[PDB]
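Student: Here's a structure for you.
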Amino acid sequence: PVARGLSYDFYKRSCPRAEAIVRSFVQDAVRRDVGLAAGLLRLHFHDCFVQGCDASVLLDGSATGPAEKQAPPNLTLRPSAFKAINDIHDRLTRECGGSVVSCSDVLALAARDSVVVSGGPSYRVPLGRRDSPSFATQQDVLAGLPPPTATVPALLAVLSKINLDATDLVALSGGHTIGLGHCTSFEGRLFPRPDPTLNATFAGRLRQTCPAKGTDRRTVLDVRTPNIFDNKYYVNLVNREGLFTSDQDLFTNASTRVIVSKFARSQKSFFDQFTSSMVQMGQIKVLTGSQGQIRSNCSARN
Ligand code: HEM
Ligand SMILES: [Ca+2]
Ligand SMILES: [Cl-]
Ligand SMILES: [Cl-]
Ligand SMILES: [Cl-]
Ligand code: NA
């Protein structure tokens, strides 16, 4: 389903090359910056959960935006993803005129392309989002974004507000099949005692990277295939090798465990659900019609 105001053909007349421009850029950029794909995918999710899929977190004045200096490491996002959205927007501006394609639409398109260039399934992206001029505050971030220490009941409660369900939860967490995570996001599972749900061999390996509390290092989210979009994330879970509590508790909790097992056994079933759930996620509290603006410069208010 597609929310009121969005359409697949939104730029057919105004910028018909838009999706090819975004895709070509992401394909080129990840050759140099393999982690950009993870950065762009997470930036789309992060934005969506902080007030709605409205590019609010791209603004220089926004908490966790590109100028963020106060936030903890796991709320300090990969710098190259912010810049890639801007560069893409610039190329769309040259080809189709400025302020035609919204930054929110670029976020959704770039996430899709990042999934594909990493080996994942393509899917059609509904378009027509408008951009919000509102700066995100710290309270917006804390109110919208569950921490990695969250367990399944709390995660489902957050998702149910915006009409995502357990299957969406398990499929969308598969975004952690690529990318990086800071020691601080899982060090509670290592200090002062090991979490019993950590695979003991895996825990030993983590302690190599994070030998003490407060280690300023990152490791891979997916110990099996760090940069390939695939179902290995769920294979990790079945072997107690999820990095975050919010990862591993999907396998612990009865509400989610059989979905994890299904996606561990069948990458095809994971891919088929992930595309559906991504389309749902990219429509959370979107602005459409005359709401919001088409931002000319993704980092700044018009
Ligand atoms: C809602 C539950 C979620 C939680 C609690 C969560 C938590 C986290 C944490 C703690 C990090 C690492 C930050 C750091 O330590 O530097 C991370 C990274 C990441 N997340 Fe999630 N996340 C969630 C959902 C998602 C979703 C739905 C997606 C995409 C569909 C996603 C995609 C990513 C990616 C790609 C990264 C790696 C970013 C990079 O390497 O630059 N996450 N997430
Ligand atoms: Ca992987
Ligand atoms: Cl250009
Ligand atoms: Cl630190
Ligand atoms: Cl497949
Ligand atoms: Na937002």
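Every chain in the structure tokens has a letter given in the order shown (A, B, ...), and although residue numbers restart at 1 in each chain, ligands are simply numbered from 1 in the order shown.
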Applying 12 Å and only C-alpha atoms, which residues near residue 27 (chain A) remain after dropping the ones on its own chain fewer than 4 positions away? List them as number ranges by chain.

Tutor: A: 20-23, 31-34, 36-37, 84, 88, 110-119

Student: Write a file of the selected residues as a compact mmCIF listing (two decimals), in the first residue's frame, keeping C-alpha atoms.

Tutor:
# COMPACT_ATOMS: atom_id res chain seq x y z
CA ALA A 20 18.85 6.64 -12.39
CA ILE A 21 20.80 9.67 -11.12
CA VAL A 22 20.50 8.50 -7.51
CA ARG A 23 21.38 4.90 -8.39
CA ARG A 31 33.25 1.57 -4.85
CA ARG A 32 35.41 3.99 -2.83
CA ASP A 33 33.41 3.96 0.43
CA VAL A 34 32.02 0.45 0.99
CA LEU A 36 28.41 4.27 2.63
CA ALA A 37 25.69 1.76 1.77
CA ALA A 84 26.25 11.70 -0.28
CA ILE A 88 23.01 13.45 -5.06
CA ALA A 110 19.37 6.08 -1.75
CA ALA A 111 18.47 3.49 0.90
CA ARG A 112 16.94 1.24 -1.76
CA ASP A 113 20.00 1.63 -3.99
CA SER A 114 22.27 0.90 -1.01
CA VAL A 115 20.39 -2.34 -0.39
CA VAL A 116 20.75 -3.32 -4.06
CA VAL A 117 24.44 -2.44 -4.48
CA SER A 118 25.17 -4.48 -1.32
CA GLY A 119 23.56 -7.57 -2.90

Student: Write as an MDAnalysis selection string the residues around ligand 1, taking 7 Å as the cut-off and counting only C-alpha atoms and all ligand atoms.

Tutor: chainID A and resid 35:36 38:39 41:42 45 73:78 145:148 150 155 172:176 178:185 218 246 278

Student: Would you save the residues of that selection, restricted to N, CA and C atoms, as a short mmCIF file (atom, residue, chain, number, x, y, z; two decimals), in the first residue's frame?

Tutor:
data_model
loop_
_atom_site.label_atom_id
_atom_site.label_comp_id
_atom_site.auth_asym_id
_atom_site.auth_seq_id
_atom_site.Cartn_x
_atom_site.Cartn_y
_atom_site.Cartn_z
N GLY A 35 31.34 1.27 3.19
CA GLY A 35 30.43 1.51 4.30
C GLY A 35 29.36 2.56 4.04
N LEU A 36 29.44 3.27 2.91
CA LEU A 36 28.41 4.27 2.63
C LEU A 36 27.04 3.64 2.49
N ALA A 38 25.72 1.03 4.09
CA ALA A 38 25.19 0.97 5.45
C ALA A 38 24.82 2.35 5.97
N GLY A 39 25.67 3.35 5.71
CA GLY A 39 25.39 4.69 6.21
C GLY A 39 24.09 5.25 5.66
N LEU A 41 21.49 3.53 4.28
CA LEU A 41 20.34 2.75 4.74
C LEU A 41 19.93 3.17 6.14
N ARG A 42 20.90 3.26 7.04
CA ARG A 42 20.61 3.66 8.41
C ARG A 42 20.12 5.10 8.48
N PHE A 45 16.41 5.07 7.83
CA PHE A 45 15.68 4.57 8.99
C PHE A 45 15.70 5.59 10.12
N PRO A 73 28.44 8.21 20.95
CA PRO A 73 28.92 7.64 19.68
C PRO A 73 27.86 6.91 18.87
N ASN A 74 26.92 6.20 19.50
CA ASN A 74 25.95 5.47 18.69
C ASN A 74 24.81 6.35 18.20
N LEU A 75 24.84 7.65 18.52
CA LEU A 75 23.97 8.63 17.89
C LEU A 75 24.75 9.63 17.06
N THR A 76 26.00 9.33 16.76
CA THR A 76 26.86 10.15 15.90
C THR A 76 27.03 9.39 14.59
N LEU A 77 26.29 9.79 13.57
CA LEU A 77 26.12 8.96 12.38
C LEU A 77 27.28 9.15 11.40
N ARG A 78 27.42 8.18 10.50
CA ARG A 78 28.53 8.13 9.54
C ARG A 78 28.57 9.40 8.70
N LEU A 145 13.61 6.88 18.94
CA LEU A 145 14.62 5.88 18.60
C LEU A 145 14.93 4.95 19.76
N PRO A 146 14.54 3.67 19.68
CA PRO A 146 14.88 2.75 20.76
C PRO A 146 16.38 2.55 20.85
N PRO A 147 16.92 2.34 22.04
CA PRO A 147 18.35 2.06 22.18
C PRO A 147 18.63 0.60 21.88
N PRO A 148 19.89 0.25 21.62
CA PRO A 148 20.23 -1.16 21.40
C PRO A 148 20.06 -2.03 22.63
N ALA A 150 17.28 -2.17 24.20
CA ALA A 150 15.85 -2.45 24.26
C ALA A 150 15.57 -3.92 23.98
N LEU A 155 10.33 -2.83 21.92
CA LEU A 155 10.47 -2.57 20.49
C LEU A 155 9.13 -2.68 19.77
N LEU A 172 13.01 -5.67 9.45
CA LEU A 172 13.72 -4.40 9.36
C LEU A 172 15.03 -4.43 10.14
N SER A 173 15.07 -5.17 11.26
CA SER A 173 16.32 -5.38 11.98
C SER A 173 17.38 -6.03 11.12
N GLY A 174 16.98 -6.75 10.08
CA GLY A 174 17.92 -7.30 9.11
C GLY A 174 18.73 -6.25 8.38
N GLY A 175 18.41 -4.97 8.53
CA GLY A 175 19.31 -3.92 8.08
C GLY A 175 20.69 -4.05 8.70
N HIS A 176 20.78 -4.70 9.86
CA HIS A 176 22.06 -4.92 10.51
C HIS A 176 22.87 -6.03 9.86
N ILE A 178 24.50 -5.32 7.34
CA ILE A 178 25.66 -4.53 6.94
C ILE A 178 25.95 -3.48 8.01
N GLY A 179 27.16 -2.94 7.98
CA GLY A 179 27.49 -1.78 8.80
C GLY A 179 28.29 -2.08 10.05
N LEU A 180 28.40 -1.04 10.89
CA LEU A 180 29.27 -1.04 12.06
C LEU A 180 28.49 -0.66 13.31
N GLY A 181 29.03 -1.08 14.46
CA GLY A 181 28.50 -0.72 15.76
C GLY A 181 29.60 -0.41 16.77
N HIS A 182 29.41 0.64 17.57
CA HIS A 182 30.38 1.07 18.57
C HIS A 182 30.35 0.16 19.80
N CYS A 183 31.52 0.01 20.44
CA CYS A 183 31.59 -0.75 21.70
C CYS A 183 30.50 -0.33 22.67
N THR A 184 30.23 0.98 22.77
CA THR A 184 29.28 1.47 23.76
C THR A 184 27.87 0.92 23.55
N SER A 185 27.56 0.46 22.34
CA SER A 185 26.23 -0.05 22.04
C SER A 185 26.01 -1.48 22.51
N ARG A 218 34.73 0.57 16.92
CA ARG A 218 33.58 -0.09 16.31
C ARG A 218 33.96 -1.45 15.76
N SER A 246 19.01 -5.71 21.37
CA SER A 246 17.85 -5.58 20.49
C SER A 246 17.93 -6.49 19.27
N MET A 278 10.43 -2.31 4.19
CA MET A 278 11.09 -1.04 3.86
C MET A 278 10.10 -0.04 3.28
#

Student: Considering only C-alpha atoms, return as a PyMOL selection string whatever protein or nucleic-acid residues lie within 12 Å of residue 298 (chain A), sequence-local ones (same chain, fewer than 6 positions apart) excluded.

Tutor: chain A and resi 54-62+65-66+82-90+93+98-99+101-107+130-133

Student: Suppose we keep C-alpha atoms; can you now write the selection as a tab-separated table (two decimals), in the first residue's frame?

Tutor:
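Saved result, selection-v6.tsv, follows:
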chain	number	residue	atom	x	y	z
A	54	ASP	CA	10.87	14.08	6.31
A	55	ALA	CA	14.64	14.70	6.12
A	56	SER	CA	14.53	16.59	9.45
A	57	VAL	CA	17.78	14.95	10.61
A	58	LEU	CA	19.68	16.30	7.58
A	59	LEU	CA	19.32	19.88	8.86
A	60	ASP	CA	22.37	21.56	10.36
A	61	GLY	CA	20.29	22.64	13.33
A	62	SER	CA	18.97	19.14	14.10
A	65	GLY	CA	22.33	16.00	12.21
A	66	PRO	CA	25.57	16.58	10.30
A	82	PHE	CA	25.08	13.09	4.98
A	83	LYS	CA	27.42	14.31	2.24
A	84	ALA	CA	26.25	11.70	-0.28
A	85	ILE	CA	22.65	12.85	0.06
A	86	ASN	CA	23.79	16.43	-0.56
A	87	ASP	CA	25.88	15.48	-3.60
A	88	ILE	CA	23.01	13.45	-5.06
A	89	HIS	CA	20.64	16.36	-4.48
A	90	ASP	CA	23.08	18.67	-6.29
A	93	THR	CA	19.32	20.01	-9.16
A	98	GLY	CA	16.55	22.99	-8.06
A	99	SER	CA	14.02	22.22	-5.49
A	101	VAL	CA	13.15	16.37	-5.87
A	102	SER	CA	12.77	16.42	-2.10
A	103	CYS	CA	15.58	15.41	0.23
A	104	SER	CA	13.18	12.94	1.88
A	105	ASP	CA	12.66	11.22	-1.47
A	106	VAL	CA	16.43	11.09	-2.01
A	107	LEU	CA	16.80	9.40	1.39
A	130	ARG	CA	7.92	16.77	1.39
A	131	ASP	CA	10.72	18.02	3.63
A	132	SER	CA	10.23	19.40	7.11
A	133	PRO	CA	11.79	22.68	8.28

Student: Taking 2 positions as the minimum chain separation for residues in the same chain, which residues sit within 8 Å of residue 53 (chain A) when counting only C-alpha atoms? Answer as a PyMOL selection string.

Tutor: chain A and resi 44+47-51+55-56+104+129+282-287

Student: Kindly compile the residues surrounding ligand 5 within 7 Å, counting only C-alpha atoms and all ligand atoms, and format them as an MDAnalysis selection string.

Tutor: chainID A and resid 267:268 271

Student: Restricted to N, CA, C and O atoms, what would the selected residues look like written as a PDB file, in the first residue's frame?

Tutor:
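result-v4.pdb, freshly written:
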ATOM      1  N   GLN A 267      16.861 -17.097   2.868  1.00  0.00           N
ATOM      2  CA  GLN A 267      17.136 -15.714   2.488  1.00  0.00           C
ATOM      3  C   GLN A 267      16.047 -15.162   1.575  1.00  0.00           C
ATOM      4  O   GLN A 267      15.688 -13.980   1.665  1.00  0.00           O
ATOM      5  N   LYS A 268      15.500 -16.004   0.693  1.00  0.00           N
ATOM      6  CA  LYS A 268      14.421 -15.562  -0.191  1.00  0.00           C
ATOM      7  C   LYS A 268      13.235 -15.031   0.603  1.00  0.00           C
ATOM      8  O   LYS A 268      12.669 -13.987   0.260  1.00  0.00           O
ATOM      9  N   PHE A 271      14.262 -11.616   2.050  1.00  0.00           N
ATOM     10  CA  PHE A 271      14.255 -10.579   1.020  1.00  0.00           C
ATOM     11  C   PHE A 271      12.828 -10.175   0.651  1.00  0.00           C
ATOM     12  O   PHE A 271      12.512  -8.982   0.550  1.00  0.00           O
TER      13      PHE A 271
END

Student: CA of residue 236 (chain A) and CA of residue 205 (chain A), how far apart in Å?

Tutor: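 Value for the CA of residue 205 (chain A)-CA of residue 236 (chain A) distance: 14.0 Å.
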
Student: Grab me every residue within 6 Å of ligand 2, counting only C-alpha atoms and all ligand atoms, and send it over as a ChimeraX atom specification.

Tutor: /A:177-178,222,225-230,232-233

Student: Using the chain letters and numbers from this document, which residues of region 204-297 of chain A does DSSP assign to alpha helix (DSSP H), as a PyMOL selection string?

Tutor: chain A and resi 204-209+232-238+245-252+254-265+267-281

Student: Step by step, measure atom-to-atom distances between ligand 4 and each residue using only C-alpha atoms and all ligand atoms, keep those at most 6 Å, then write them as a list in words.

Tutor: residues 214, 215 and 216 of chain A

Student: Produce a file of the selected residues containing C-alpha atoms, as a short mmCIF file (atom, residue, chain, number, x, y, z; two decimals), in the first residue's frame.

Tutor:
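So the final result, stored in result_9.cif, reads:
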data_model
loop_
_atom_site.label_atom_id
_atom_site.label_comp_id
_atom_site.auth_asym_id
_atom_site.auth_seq_id
_atom_site.Cartn_x
_atom_site.Cartn_y
_atom_site.Cartn_z
CA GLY A 214 34.31 2.90 27.27
CA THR A 215 36.47 1.63 24.40
CA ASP A 216 36.22 4.04 21.45
#

Student: Measuring atom to atom with only C-alpha atoms and all ligand atoms, identify which of A:28, A:9, A:165, A:140 is nearest to ligand 6.

Tutor: A:140
